[PDB]
Amino acid sequence: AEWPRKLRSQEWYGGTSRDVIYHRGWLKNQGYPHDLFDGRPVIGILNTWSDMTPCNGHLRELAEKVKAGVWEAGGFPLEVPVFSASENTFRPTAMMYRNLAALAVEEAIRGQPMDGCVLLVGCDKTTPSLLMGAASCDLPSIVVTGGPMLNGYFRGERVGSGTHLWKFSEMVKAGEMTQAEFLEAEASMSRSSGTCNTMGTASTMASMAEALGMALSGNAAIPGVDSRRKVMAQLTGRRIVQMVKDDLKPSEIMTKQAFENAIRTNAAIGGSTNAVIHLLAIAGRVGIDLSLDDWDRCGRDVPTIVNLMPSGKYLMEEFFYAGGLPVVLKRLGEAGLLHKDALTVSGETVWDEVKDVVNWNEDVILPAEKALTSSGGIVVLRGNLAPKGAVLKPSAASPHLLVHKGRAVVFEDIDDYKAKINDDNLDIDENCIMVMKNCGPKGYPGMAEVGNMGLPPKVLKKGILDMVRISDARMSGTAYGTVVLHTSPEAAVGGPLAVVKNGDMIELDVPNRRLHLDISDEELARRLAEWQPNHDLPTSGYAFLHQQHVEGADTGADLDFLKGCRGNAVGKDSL
Amino acid sequence: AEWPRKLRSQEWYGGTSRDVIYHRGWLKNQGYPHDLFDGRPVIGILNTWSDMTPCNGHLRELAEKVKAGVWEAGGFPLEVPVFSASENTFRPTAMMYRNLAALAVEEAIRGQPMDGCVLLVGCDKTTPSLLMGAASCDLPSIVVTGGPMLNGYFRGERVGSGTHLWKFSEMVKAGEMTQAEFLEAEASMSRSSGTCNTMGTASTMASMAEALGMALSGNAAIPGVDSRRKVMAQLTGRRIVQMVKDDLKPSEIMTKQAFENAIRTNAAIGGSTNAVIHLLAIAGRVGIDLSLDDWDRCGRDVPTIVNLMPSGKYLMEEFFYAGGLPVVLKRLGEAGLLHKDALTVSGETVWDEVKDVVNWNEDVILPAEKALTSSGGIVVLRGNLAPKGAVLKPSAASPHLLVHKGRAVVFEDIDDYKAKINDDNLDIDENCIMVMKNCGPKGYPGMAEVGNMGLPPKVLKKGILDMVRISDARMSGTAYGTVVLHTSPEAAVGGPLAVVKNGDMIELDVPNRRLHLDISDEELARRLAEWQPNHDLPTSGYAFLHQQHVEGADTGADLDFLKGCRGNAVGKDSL
Amino acid sequence: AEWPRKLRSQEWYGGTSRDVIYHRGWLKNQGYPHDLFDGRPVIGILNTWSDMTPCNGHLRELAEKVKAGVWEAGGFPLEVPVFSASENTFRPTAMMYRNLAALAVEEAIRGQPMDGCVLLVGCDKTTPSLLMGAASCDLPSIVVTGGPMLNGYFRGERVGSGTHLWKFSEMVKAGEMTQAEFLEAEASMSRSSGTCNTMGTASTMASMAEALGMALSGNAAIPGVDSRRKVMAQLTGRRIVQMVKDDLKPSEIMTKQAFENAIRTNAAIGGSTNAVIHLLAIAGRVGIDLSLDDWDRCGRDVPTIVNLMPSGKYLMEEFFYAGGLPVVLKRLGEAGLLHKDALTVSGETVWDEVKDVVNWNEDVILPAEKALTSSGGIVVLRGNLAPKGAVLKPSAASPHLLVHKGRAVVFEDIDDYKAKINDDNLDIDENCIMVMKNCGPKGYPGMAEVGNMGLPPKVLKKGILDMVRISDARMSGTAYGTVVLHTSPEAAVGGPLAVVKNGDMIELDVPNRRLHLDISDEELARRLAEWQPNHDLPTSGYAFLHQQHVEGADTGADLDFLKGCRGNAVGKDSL
Ligand code: FES
Ligand code: FES
Ligand code: FES
Ligand SMILES: [Mg+2]
Ligand SMILES: [Mg+2]
Ligand SMILES: [Mg+2]
């Protein structure tokens, strides 16, 4: 596009009408030179900082670095806080507030005199909520990630965010650790400012951001407190001004190719199962046709080569010193698995960004023959038990359980699980299949990370730590096990998983992508004909709104009316 | 000056040596793009903010604005706290520490990789101490003034910072007010963030710096919380980068013409007497030839026209709304009393910055025919009693006492004064002459603002509020009365003032600039013969340093070994 | 100590006089409830933060954490920036300004209404300068250390702060490495906020302050960006308030035993040679008699068990995770080498603080029988060549060189060596004694860190990296080799070292603490008798102050008029 030209902020700040004396005159009450309003690019810095989002606790400092970049680059920077859907404070689950955050972000961008956006995110759900909202305006935008925490440690041994909460609490159930030992691990578990240091949802959506092209190369793995995270922020501030002038919009970056790059990247890094739901959501805002079948297709025969927990051994620091995601993207290109000419916010293709990087540790970023799995992509299972799809993370499942048939042990909701799971009389053993209902988008409500249900203590004491588990919930990106997730449609809407009865037999078969309830079709229609809701039914509030409008996990669990891209047209004026 | 060129900051940050890797490499630990060390101007922003300098309490917010401007102009901003000699916390008196703060500032500038300086100041002694430090280096520098507080308000009346502290405290012991009522005025007295709102030292020094050309036009009177003060700071951050490229140095702005512009401006505004001391010290560092007589000469027949406490009626807000110092300066050029071609930090002559401005309240900036005084300049008296000079602020004195003769009532030090003044048995009437010694630079120590002695209560209860007062002390810029100050040599070093005796007659003659002790030259000669120095001289500490090196107030009371300009040659390196 | 009682801040802020109405009314312009002036402890938070002290980059965040603690404990926190003698910026050498900064710190304490102090330090010379300053007032004070940077890395390997600086630049001279390779490591060398991460001066002075009891247990090794740094700062804020109420003064803490504890801790951790100078300076302000001989006696037979560069293999991170200084202090006590009853700022004895900690890594905090050295204490050599003492750090020297005789190669000043060192025709071998003069306190001036002269490139290429080097300079605490330092008296004040000529025989016998010039008493007699002092002594500014008053390195290189403790009596009032 051509420059100079009238950007949308001049609808507020250019000219001489009483309307612009009002807008420009009132903002000057903070000491701004008059020429800031001359039509140079006005940059919104959307900031999800918050004392109650501790994973992003340093993003105010990151914001100052972005500002200096905009100043240098000739723009007018302005910081705008936005909804921070913090993973560790929000109950019933931060997943419930992702759409709300996206709503507020979209309105905050379109409603106000900003020409381009910088999106400062970190904790799990902040990255997709802000990308969803900016995609619905399609103004030039760029991601700055806060970064992982440093390695935690306990008893001279490496500890990873989340993954060891599962390990320790199971160990405690198995009699291999006391709750007091667990407590002492607390102080050194999260011990710098940043996001979970395993390959959880935070680290995955940072990789997805980088691999879509929405952040400068290297953005994903730089530790939160590392000097170069602040360099990257300043340089992002410089770039965005230039991006506005050129008019490099999100819709030119996140192409079908870009989404396929991010999908094969999730296989390579052992990405979290929530990337499936978020990438779908984000694509539904950009306007790209993207389905569960693209996920399954693209991740097939892509080895998981990044050696981090929960699938592997190390944490985010090692991955960063190994060279980070640009080394994964070079590999994907080297193996012919990359759209090399995808565009990035830098204005270079992904290949031209990464072509010359170096793997500094083949124990962290593995050679293709020593991968954790030769087909690392998440698998989509279908069948009468999950007619709209269900997913599993192969890089952290048990091989002997990937095909398995056992007797169903049913929990009607999460409170049903917590009541029975420790009962020593619970009729369950290691061959059984644990099934849980009503933990989906409408059922939980919010689709909580509870599908990685803990094992019966009496199985754990035989030294068995895995079992086939099925639910319509999610699990943490930090979790592991042979867990079948996102079962669609969810029970709370009369999907077949609502009618599963104890004793029923179920067949899992990953190679044939098959999830089967072994009852006749007559018995199924009969059970389903008697379905009813067995979950909470809100009468008002945002909970009501969510209950009425949230789609299923198989499409991204967006709100139906919030789908797609609504543009950035300035409204009528306010006076 | 050649641009581009290698600036002194490149001695630390330019090239590929082991030494440059150390220096550049370490600063980089804060997140700085490598191109910031490529030779752009590095701008040190010297901040006198401290939680214990309340008058300067908003300087952090101002420093951020200076940084923004620097980034804009393409320099490299680095904030650098420096000693803040707060007038209302430091005891025995901030004056003692003025030189200490100029020493620290001078070394902080030369010892580190600044190419130009920004001087963030406010409270009384911060302005002179930072200007003294920078003059001794002569790197491109520029001033940002903190700004005066809003008006105080007690019982619907205007209350002024300082001036009403003396008015109220004398009314208390006159029997016209109670301390209880004095205390009620407290919280509405100093009720915004900034300096004293009268025409005191901070308002005078702010004007001095503008009048010298060391600060952008309009700097002195903007209220501290007025949004146009932050605008001023941002524009100053832009322009310091350009002065470094151009090499606009302090020696080039503070010429002799500049200093006379300053002296004539001080008479026009009825400025603080401390302006005399501070300005002699500053010219002491630039190396300009400036003397007491220059002061008497230049303020002669310059009418005081700024109707502000303590000479006049209103406060700094009123001054700012009428037009601030630019009006005053223009009137000086219209009157033939301005060096119109003296150059300023802006690159323009002073006349060019002021010649078009508009006086918006002649009740505040008075026309010459209504001037508070016809000869507004501070006067210098000489005579056997002050061989090296004493000063008096006529625009806040009583005309009928400017020629007076009377009986000496003599106080040996400040304890003796406090011990005697309120004694109704003291032989004193309104026609006597109050004399105090041992309050000078070495005597007090530090030359405290105690020269405006309170009158004896019994005189005050006659409705009388002015008597002639002589001492070696200073007085606040906010004080008033017919007060003879800065008497040199001070008693502590054996000046004539030391041998004045109760009952001696003294003659004050201001038109003839005479201050005469009426005793025979043989009698004064022998009285001095028995003079002995003070006891309990400080044997160690800064107090020791000050006792050995401070000069008399007749020259600026700098330290003898700190006079002059030592330049800005980079030192040897530390490895 | 009685509580409640009148603290010294009430001299400014208690009661009803106009003097107090001025002090208290003016600070209230920043918005403080009246009751904050009720006499609760006013805590001065002395901050050495500065954009030009990048090693202390985060101390503003730490200051806020301290304030919060002071609020919680019921005090009135006020932050006061103070001189910041940044090692990586100041030139000629930050050591020149260590006393300047102590001067400022002292006056800012006694001159303002603070009842207690928190010292926020990091970079080498900040820790000692605020400790000297606070020692000369004796108000209750407590230290907060910034903390070290995270490990650096190059080519997947660990790089140490400063230590790898000397290492790499010597490999370039010996042909094993290019300047351009050197430059690549720079971006990953200093990669988080904090101090040098070897066992250098900052690490050592932080350890000395914990060893002294002047800082809370664990204070020393917590990295800058580690979340327990912020906890410690808030815990310190709480504690100082109580210290003021109890009146726990530094003279109560920094006892002879406490200094012994510090000297022995230095040996155990292989600390910097600069601790010898800084500890004596600090003792000179407290009034405790302490000598170079105390040093030699106390470190004898104390093995260095901390296996960090430059002496060992690892960095501060690993030291932190092994258990830090508490584990070291604990071991001294287990070996009978600890004053277990020395009292700390917490009101507990050191042994009571550390007696239960756990060594979490025997490779980093070694067992005695695996120590780097069995007698790790710094050694004090005497002899005709250093009649007043010289020092050497055994834990990082070559043992075959601790008893050696050789021909002297004499550089008369740092410019002399800089011109001679890389000339292949320089007559020198791996058995000569590199001697260099005129780098002492007065000579450099400021006693730069240059005693560890880079070897002759032709020797380095034979694969030799160590030679006996002797001077009156310091070296970096990150330095290694068989280096003799602080040779007293210095050459510039006519000490023997001044007169060595090439070819003189010098003997170094460390086990016998002897350093000998092999010439006749008469020939040395004659040599000195015709010695002239340096020409071009500085005649103004701080350089003159320094030339006139700095004592020798053998007493800590204070200024003579600053030694001792002048207390905290509030001065006369300013009005
Ligand atoms: S809890 Fe915030 S990233 Fe996991
Ligand atoms: S006390 Fe600060 S300007 Fe008067
Ligand atoms: S340069 Fe600051 S600790 Fe080394
Ligand atoms: Mg999550
Ligand atoms: Mg004053
Ligand atoms: Mg050092």
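Any value given below was found using the heavy atoms of this structure, including those in side chains, with hydrogens, waters and symmetry copies removed. Protein chains get the first letters and strands the later ones, always in sequence-line order, with residue 1 at the start of each. Atoms within a ligand are numbered from 1 in the order they appear, just like the ligands themselves.
Here the N, O or S atom of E87(C) that is nearest to the Mg ion (ligand 6) is OE2.
Here the side chain of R191(A) pairs no donor or acceptor atom with the backbone of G152(A) at under 3.5 angstrom.
Counting only protein N, O or S atoms closer than 2.8 Å to atom 2 (Fe) of ligand 1 gives 2.
A salt bridge links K125(A) with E449(A): at least one charged nitrogen is closer than 4.0 Å to a carboxylate oxygen. With respect to the salt-bridge test (charged N to carboxylate O, under 4.0 angstrom), the residues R18(B) and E170(C) do not qualify.
Checked against the 6.0 Å centroid threshold, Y314(A) and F320(A) do not count as a close aromatic pair.
Closest of all the heavy-atom pairs between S272(C) and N266(C) is O-ND2, 3.7 Å.
Looking only at side-chain heavy atoms (C-beta outward), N88(C) and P54(C) come within less than 4.5 Å of each other.
Draw a line from the Mg ion (ligand 6) to OE2 of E449(C) and another to OD2 of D124(C), and the angle between them is 160° (to 10°).
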Stepwise side chain to side chain contact (heavy atoms under 4.5 Å, CB included) check, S192(A) with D226(C): CA-CA 5 Å; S192(A) 91; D226(C) 190 298; 5.8 Å; no
